[PDB]
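Q: Chains as they are written, first to last, in the entry's author numbering: chain G, 18 to 387; chain F, 342 to 389; chain M, 5 to 48; chain N, 3 to 48; chain O, 5 to 48.
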Amino acid sequence: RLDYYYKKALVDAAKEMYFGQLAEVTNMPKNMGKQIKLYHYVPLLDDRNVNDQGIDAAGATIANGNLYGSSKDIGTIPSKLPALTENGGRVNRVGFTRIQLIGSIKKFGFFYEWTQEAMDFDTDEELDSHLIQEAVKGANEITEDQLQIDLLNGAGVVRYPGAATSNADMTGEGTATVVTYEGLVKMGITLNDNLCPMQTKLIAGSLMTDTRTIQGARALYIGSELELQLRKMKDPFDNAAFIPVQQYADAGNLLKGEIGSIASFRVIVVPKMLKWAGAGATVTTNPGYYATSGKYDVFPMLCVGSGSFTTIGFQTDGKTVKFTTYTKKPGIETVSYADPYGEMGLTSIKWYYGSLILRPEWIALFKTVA
Amino acid sequence: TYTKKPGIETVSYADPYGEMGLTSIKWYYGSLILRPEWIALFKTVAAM
Amino acid sequence: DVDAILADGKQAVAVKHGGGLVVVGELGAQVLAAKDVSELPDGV
Amino acid sequence: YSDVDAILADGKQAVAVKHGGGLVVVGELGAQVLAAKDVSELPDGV
Amino acid sequence: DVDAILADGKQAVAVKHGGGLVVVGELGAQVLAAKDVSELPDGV
């Protein structure tokens, strides 16, 4: 003997969940197929409305059944107004359209095996407990990315800093395309048209010394790296823009893992935030930006509404997913022609996940910083 | 609003087997500015 | 993916004593089912 | 062949196909062919 | 011994009827996975 074996082990904590709590489920019947469909209806004036029924008020078909559409231009609306003469023979002949939404459900699962020798003649006698704890925790982890990957992929509101338009456009070489205070407020303005409602009410103000008052905002999920840029962010008046959380903790209620607020957004930091690593431009002379994996790394800024994530659960009883485990302990349970001794074990976790992204007006703005 | 539902209400020589429908919305708009001096307008070029 | 294996037509068995899956091909099965040098397919 | 006895009588063993369905039949060269790390350990016939 | 098979980087498939154990090789499996004359190694 040369050393003392301490029993208590160092186990890593489980990353706290941040996205699975915001989703609502839609039950899918068993006996029928593996897809769910929706009929989203659009307003008549919306430019999405396209239809063959378009006969002009004073004339023939013009292949436009939405009147002036969504032009919002005073030089256009009067011309396309449904003016009608005394003789009511024919008119705009408006049409209407419905949008088909399709949602798919896929299958995913685990399995791992262990021999009786491994459990028996091991230094630690708590090997089984550590394995199942690590296994189930990872299943919880993996489920989170399943949700987050889809939400990031599906977002109608995608604003790009500066003059960029695609992921490849972003670079830190020249003027680094980073988040500006001007950019953040426009995303709220674009979100202010509709869909995403006001997650939280505006803070009136509590009797204190340092407390400030913030407006109604919507949660914006951000990776830890970009937090510094939000911190040192000058407003138009050269003052701060990142109102610290402490300056309104007394007045209003707090969302979990909050750092602060900008304009119409409350900043939420998620430890496990996926990023577009190495999807920017080639880093010829990278000016000390942490975003560097072969090329520049693009980080997201996500703002989920309350009507843009319909997770479909196949048989999940009011849950985003259920894990189905199957343990075959070594022994008689695993005796067969393959192993007539039973010196093998097995555990498998199976689950079913799917999402819809109805009303895709979630906000996903990119950033290359640090 | 006038709505001619399919059926007898739209039976005619053109369509003896009344099948079509109809719904027409008509209105008269009008606008009178009593005191234009009380209306104020400011034009502006927006940022970005 | 396993379905791609089945859709292609190739079958698959289970490797118990260490390993995952080996996939049986048409020629391989004929190759595998050969006693002597005159019972395997022509190509080999 | 005719029955599962015929393959065993022939000497050729038979493995059960789990994914796909069927019964792959294995012969001596087929196994000896199959067990080969590299070109070196193949039968003289190949 | 069976452990010597795995030590050689070799997987092994059990036999239900009359074999007990058949050792499966990566060249063999790649040979065994083959539709036609196209998918066999240069060695064959």
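We put the beta carbon where it would ideally sit given N, CA and C, even for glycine.
Have a look at N:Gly32 and N:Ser4 and give me their C-alpha separation to the nearest angstrom.
A: When rounded, the distance between both Cα atoms is 20 Å.
Q: At a CB distance below 8 Å, what residues from the segment 347-369 of chain F approach chain G? Give them in sequence order.
A: Result list: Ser365, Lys367.
Q: Short of 8 Å in beta carbon distance, which residues of its chain neighbour G:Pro253, apart from the five on each side in sequence? Order them along the chain.
A: Excluding sequence neighbours, G:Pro253 sits near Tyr198.
Q: Should N:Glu30 be flagged as near chain M, meaning a C-beta pair shorter than 9 Å?
A: Output row for N:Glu30: interface = yes.
Q: Can you give the Cα-Cα distance for G:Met187 and G:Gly274, rounded to whole angstroms?
A: Cα-Cα distance, rounded: 29 Å.
Q: Would you say G:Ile206 and G:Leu237 are within 9 Å of each other, going by their C-beta atoms?
A: For G:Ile206 and G:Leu237, no; Cβs fall outside 9 Å.
Q: CA-CA distance, F:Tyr358 and F:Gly348?
A: Cα-Cα distance, rounded: 8 Å.
Q: Okay, do the segment 69-88 of chain G and the segment 119-136 of chain G touch, 3+ Cβ pairs below 8 Å being the bar?
A: These segments do not touch.
Q: Assess, as a yes-or-no matter, whether the segment 287-307 of chain G is touched by the segment 255-271 of chain G under the definition of 3 or more beta carbon pairs within less than 8 Å.
A: Not touching, per the Cβ criterion.
Q: Just mark N:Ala8 as buried or exposed, buried being the case when its beta carbon has 16 or more other beta carbons within 10 Å.
A: Counting Cβ neighbours within 10 Å, N:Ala8 comes out exposed, since fewer than 16 surround it.
Q: In angstroms with no decimal places, state the Cα-to-Cα distance between G:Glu158 and G:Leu247.
A: Approximately 27 Å, taken between the alpha carbons.
Q: Does M:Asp40 come within less than 9 Å of chain N when only Cβ atoms are used?
A: True, the Cβ-Cβ gap to chain N drops below 9 Å.
Q: Using a threshold of 9 Å, state whether the C-beta atoms of G:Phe36 and G:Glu242 are closer than that.
A: No, these two residues do not count as a Cβ contact at 9 Å.
Q: State the start and end residues of the unbroken alpha helix (DSSP H) segment that holds G:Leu363.
A: Counting along the chain, G:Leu363 falls outside any alpha helix (DSSP H), though it belongs to the beta strand (DSSP E) covering 362-370.
Q: Please state whether the Cβ-Cβ distance between O:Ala16 and O:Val26 is less than 9 Å.
A: For O:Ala16 and O:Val26, yes; Cβs fall inside 9 Å.
Q: Starting from the beta carbon of O:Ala18, find every residue of chain M whose beta carbon is closer than 8 Å, and list them in chain order.
A: Here the neighbours are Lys20, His21.
Q: Under 8 Å Cβ-Cβ, which residues of chain N neighbour O:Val27?
A: What O:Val27 touches in chain N: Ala33, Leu36, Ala37.
Q: Can you give me the start and stop residues for the alpha helix (DSSP H) that M:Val35 sits inside?
A: Where M:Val35 is concerned, the enclosing alpha helix (DSSP H) stretches over 30-36.
Q: So for G:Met318, helix, strand or coil by DSSP?
A: Residue state, collapsed to three classes: strand.
Q: When you compare only the Cα positions, how much space is there between G:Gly277 and G:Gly171?
A: Each residue's alpha carbon lies about 26 Å from the other.
Q: Rounded to the nearest angstrom, what separates G:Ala135 and G:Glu143 at their Cα positions?
A: If I take the Cα positions, the gap works out to 12 Å.
Q: Grab the span of the alpha helix (DSSP H) containing G:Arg248 for me, first residue to last.
A: Looking at the DSSP string, the run of the alpha helix (DSSP H) that includes G:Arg248 is 244-248.
Q: Residues in the same chain with beta-carbon distance under 7 Å from G:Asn109, minus the five sequence neighbours each way, listed in chain order, please.
A: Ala74, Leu84, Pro99, listed in sequence order.
Q: Quick check on DSSP: helix, strand or coil for M:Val6?
A: Helix.
Q: Can the beta-carbon of G:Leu272 be found less than 9 Å from the beta-carbon of G:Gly324?
A: Cβ atoms of G:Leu272 and G:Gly324: not closer than 9 Å.
Q: Can you confirm whether F:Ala388, when its beta carbon is compared against all beta carbons of chain G, has any partner nearer than 9 Å?
A: So, interface residue.
Q: Report all residues from its chain with a CB closer than 7 Å to the CB of G:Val67; omit the five preceding and five following residues, and keep chain order.
A: Within the same chain, G:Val67 has close Cβ partners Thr114.
Q: Is any beta-carbon of chain M found at less than 9 Å from that of residue 2 of chain N?
A: Not covered by the structure: residue 2 of chain N. The range shown for chain N is 3 to 48.
Q: Kindly indicate which residue of G:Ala30, G:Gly233, G:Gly191 has the alpha-carbon position closest to the one of G:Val300.
A: Out of G:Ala30, G:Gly233, G:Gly191, G:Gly191 has the C-alpha closest to the C-alpha of G:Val300.
Q: Which residue wins for smallest C-alpha separation from G:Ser281, given the options G:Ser96, G:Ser87, G:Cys320, G:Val315?
A: Measuring from the Cα of G:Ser281, the nearest candidate turns out to be G:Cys320.
Q: Taking only the alpha-carbon atoms, compute the straight-line gap between M:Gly29 and O:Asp40 and give it to the nearest angstrom.
A: Their backbone Cα atoms lie some 8 Å apart in a straight line.
Q: Which residue comes first and which comes last in the alpha helix (DSSP H) that contains G:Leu118?
A: G:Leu118 -> not in any alpha helix (DSSP H); beta strand (DSSP E) instead, spanning 115-121.
Q: If you draw a straight line from the C-alpha of G:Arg65 to the C-alpha of G:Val59, how long is it?
A: Distance between the alpha carbons of G:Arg65 and G:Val59: 7 Å.
Q: With a cut-off of 8 Å on the beta carbons, I'd call G:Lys336 and G:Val153 a contact; round off their distance for me.
A: The pair is not a contact, with the Cβ atoms about 15 Å apart (cut-off 8 Å).
Q: Report back the beta-carbon spacing between G:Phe331 and G:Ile122 to the nearest angstrom; my notes put them in contact at under 8 Å.
A: Contact flag correct, Cβ pair sits at about 6 Å.
Q: Quick check on G:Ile329: buried or exposed, where buried means 16 or more other Cβ atoms within 10 Å of its Cβ?
A: By the neighbour-count rule (16 or more Cβ atoms within 10 Å), G:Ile329 is buried.
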